[PDB]
Amino acid sequence: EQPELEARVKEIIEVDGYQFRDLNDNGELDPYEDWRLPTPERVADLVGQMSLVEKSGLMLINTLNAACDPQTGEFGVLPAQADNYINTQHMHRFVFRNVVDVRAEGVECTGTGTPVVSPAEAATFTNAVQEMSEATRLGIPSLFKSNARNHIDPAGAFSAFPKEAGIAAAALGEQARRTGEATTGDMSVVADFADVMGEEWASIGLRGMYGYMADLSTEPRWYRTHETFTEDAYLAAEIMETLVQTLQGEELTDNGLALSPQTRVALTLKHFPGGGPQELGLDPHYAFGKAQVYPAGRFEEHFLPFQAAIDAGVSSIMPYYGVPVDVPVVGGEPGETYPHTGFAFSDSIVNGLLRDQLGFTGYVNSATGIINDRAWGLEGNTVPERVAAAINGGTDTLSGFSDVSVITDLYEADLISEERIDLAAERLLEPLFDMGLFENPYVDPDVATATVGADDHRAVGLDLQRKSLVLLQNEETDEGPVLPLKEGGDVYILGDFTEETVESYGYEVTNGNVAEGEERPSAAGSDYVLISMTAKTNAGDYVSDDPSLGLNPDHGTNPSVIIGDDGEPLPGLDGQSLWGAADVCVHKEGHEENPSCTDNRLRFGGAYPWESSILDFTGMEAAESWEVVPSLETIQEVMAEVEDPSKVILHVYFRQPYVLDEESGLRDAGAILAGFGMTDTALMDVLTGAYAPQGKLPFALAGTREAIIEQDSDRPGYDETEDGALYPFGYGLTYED
Ligand SMILES: O=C1O[C@@]2(c3ccc(O)cc3Oc3cc(O[C@@H]4O[C@H](C(=O)O)[C@@H](O)[C@H](O)[C@H]4O)ccc32)c2ccccc21
Ligand SMILES: [Zn+2]
Ligand SMILES: [Zn+2]
Ligand SMILES: [Zn+2]
Ligand SMILES: [Zn+2]
Ligand SMILES: [Zn+2]
Ligand SMILES: [Zn+2]
Ligand SMILES: [Zn+2]
Ligand SMILES: [Zn+2]
Ligand SMILES: [Zn+2]
Ligand SMILES: [Zn+2]
Ligand SMILES: [Zn+2]
Ligand SMILES: [Zn+2]
Ligand SMILES: [Zn+2]
Ligand SMILES: [Zn+2]
Ligand SMILES: [Zn+2]
Ligand SMILES: [Zn+2]
Ligand SMILES: [Zn+2]
Ligand SMILES: [Zn+2]
Ligand SMILES: [Zn+2]
Ligand SMILES: [Zn+2]
Ligand SMILES: [Zn+2]
Ligand SMILES: [Zn+2]
């Protein structure tokens, strides 16, 4: 019965033969400290003793990163804003963004930037925050959330896995290697990944997540396909179910939430109802990309993975910035559409669709910056007006908003009722109770050291890397198929290959990667050419109100149209405006003097908006804000110096569903693999035949720019286009014989 209790400032108290934490420092036992009672009654007693500001502080979540002071050699101290957030704003939810790794010798604390911290230092930092939390009047604990950390970027000491779509490829491939079928995948691969991440996250006291993403990659021009699992809703549904079961547990409360003291990481699933179907792929972080469109009528299909995650008891939901355009209200009086505002502001979306229609009984966490920067559809409204609209729309905690004053001022003005703040407070405290943090909110920094990156954990990651690789093309030469490689030979490498690691498999290696200014050795005479290639955006120069860029008529107009609920188009989104005209710096709607641009530097990712359809390697080589790595020109030189292109092996990182266009000559390679992040050891283990590739594509690939521009943003595949798919969902070759 008795759970372990740790208390670093408040006192433990003996009652009825059991021990309890005395968090309000009166000395005797309140029902909220009494872990023998059901959680609703602990909540009831806690919210009853709370001041208004104390309850409003729960409705904020903000970045709280570890810092370093250059003078004791301590990394993992509290940042500048730690006292203000906790003691003035009364916050208990935080976003932890530091890279966790072992720092190189010679590294002191620099200036700004988010410092790298070790597992033990990270757990020390979060413990120190928990200590300051327990030091609050009622000793309510804190919750840390974080974005993903366990994936290779083609993190730190966390065990490295392929990206999300790599994990789906491995799941589908493994189902295929047993059943001969690739539908919803073998979820043991997903569970095996989530078991490692859960243990490592929990070990540093990181008990909550911004994610995972249930978004569907049905629009290939969306830069965020780099972190989607698949374009298929049914496979997404299966992956979210498995993630929640494994990371949150299978023990559901009577409120229907998978929350126990054995919950390792509570998920804040994103981005509800589905961030996938972005018009022209433009992302609603930016003002030109507010709109989500549903030409194929698949609004219901996109929230299907959220249904599955809600039914498995996911703890939290983050709505996206997007504005649904002309979307029929689900379970609604006919002819009714959802508001043309961001999802977090529409009561019909958050309370109506999410809670009433889909049955979600947890709390809602806004995407970051919706109040100041991305209150889409509320451009003329003020900050307090936007805050009231989101809370009253059904959002319980605001990310990136740290001014609790605004919430209290709205209550004293009867713009938010005390019933609403009480209802938010109940929902935000419920998971902290069930997760057992009122009993023990601390972690052992030395066990983090023994957990983060454990040998067996990295092995599961290595296995998943090798199983995620997808063989798309393996030509049959007169000597047999190109892959697996034969033992020995002269190998030319181009791209992100580490020469000595390729030499290590018994090959003589010529390195085509030379600094600019040197000669590149010719690939003539090579038995094998290995090219590891990808494309990246390069849009950091974008400026919304610059007449050279965002306001350049030679860059065209923004076709996106969003009619306000007032009947007049949103600024810059009438279907005829310059690309930059939707940014607040240009339209200046709203209560502020000369507002900064929200879109400058496209700093979250994505291409120049007028280049978002250029996913073909030939197009991307010529584009302003795309780059092919290594350059396609160099790849084409290389493929020609060897003459027989059947000796070229292309490993492609499809960060987005890039298009192998016939004009580029890439299809002429003897082998083509799709990789989703892996060590060179794992790629070489498969190339040389120690393991056979078995991954299957979790999204379709097109062969023409025309197919990209023609496909429905909300529809998977390319079967409705004239040119169709180059490779379908579920496709993947293996070694035979
Ligand atoms: O415009 C502001 O910039 C940020 C920002 C600023 C500094 C910094 O170092 C990081 C930083 O990260 C983000 C990240 C964002 O991404 C969204 O939110 C989540 C998140 O990570 O937070 C993700 O889980 C969601 O998938 C994603 O859709 C949005 C805004 C900001 C911000 C924070 C607070 C107020 C305003 C802003
Ligand atoms: Zn008693
Ligand atoms: Zn007490
Ligand atoms: Zn005391
Ligand atoms: Zn009250
Ligand atoms: Zn106070
Ligand atoms: Zn508090
Ligand atoms: Zn990426
Ligand atoms: Zn099921
Ligand atoms: Zn959009
Ligand atoms: Zn304030
Ligand atoms: Zn210890
Ligand atoms: Zn312990
Ligand atoms: Zn372990
Ligand atoms: Zn053969
Ligand atoms: Zn040698
Ligand atoms: Zn012109
Ligand atoms: Zn230009
Ligand atoms: Zn307007
Ligand atoms: Zn004003
Ligand atoms: Zn040249
Ligand atoms: Zn045509
Ligand atoms: Zn599509």
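Index from 1, following the sequence. For ligands, and for the atoms within them, numbers begin at 1 and follow the listed sequence. Computation of the quantities below employed the complete heavy-atom set of this structure, encompassing side-chain atoms and omitting hydrogens, waters and symmetry-equivalent molecules.
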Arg93 NZ/CZ over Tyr363 ring centroid, <6.0 Å and within 45° of normal | yes

By atom name, which N, O or S atom of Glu624 is the nearest to the Zn ion (ligand 18)?
-> OE2

Flag yes if more than 12 heavy atoms outside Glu662 fall under 6.0 Å of its CD atom; otherwise flag no.
-> no

May I ask you to check whether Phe438 and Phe433 place their ring centers less than 6.0 Å from one another?
-> yes

What is the name of the N/O/S atom in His90 that sits closest to the Zn ion (ligand 6)?
-> NE2

Which atom, counting only N, O or S, brings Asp403 closest to the Zn ion (ligand 11)?
-> OD1

Is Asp554 close enough to the Zn ion (ligand 18) to have an N, O or S atom under 2.8 Å?
-> no

Mutual orientation of the aromatic rings belonging to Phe654 and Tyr658 [parallel < 30°, tilted 30-60°, perpendicular > 60°] = tilted

